[PDB]
């Protein structure tokens, strides 16, 4: 199917962070057990950006672009803010595995697509500066870290997606 992205809540006034080239796409999850994709987009629209901002949200079968790409972001709380080409938030409010999987698939596909768009390798949590990095990986590896965030692995584990499965899906693409 064609990928559809809702840009209705794209917050243009967010600050410039660092400069090109941006070597990373960041994989996050919201840490919010109750919010919908629209709730997240609406809060992101109005919030103090210092609390954290990002570029995309995946949830409820939809993808919303909520911030600029190729801009950096205040998403990971340390030096790799200045490497953020894009930062994708998966919602955490799924009632069932089936509903989770619909969004998980979109999440994998979007992370891969954003890496392609940025000219970055479709790799997960490698040591190279370039690639797709989780918030956990940024927290543990970036210079000047101030975060304690370790998303999205705990939420993926809630729904039976292991570290290895997530890496395989990012790096090889989805299969049946």
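Residue numbers count along the first chain shown, from 1.
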Among 10, 17, 25, 156, which carries the highest Cα B-factor?
-> 10
Compare the CA B factors listed in the entry for 37, 124, 114, 130 and report the winner.
-> 37
Residue 55: CA temperature factor from the record, placed by chain third, in the lowest
Assigned third (lowest, middle, highest) for the C-alpha B factor of residue 139 | lowest
B-factor third for the C-alpha atom of residue 41 within its chain = middle
Select lowest, middle or highest to describe the third in which the CA B-factor of residue 108 falls within its chain in this entry.
-> lowest
Going by the recorded CA B-factors, say which third of the chain residue 84 sits in, lowest, middle or highest.
-> lowest
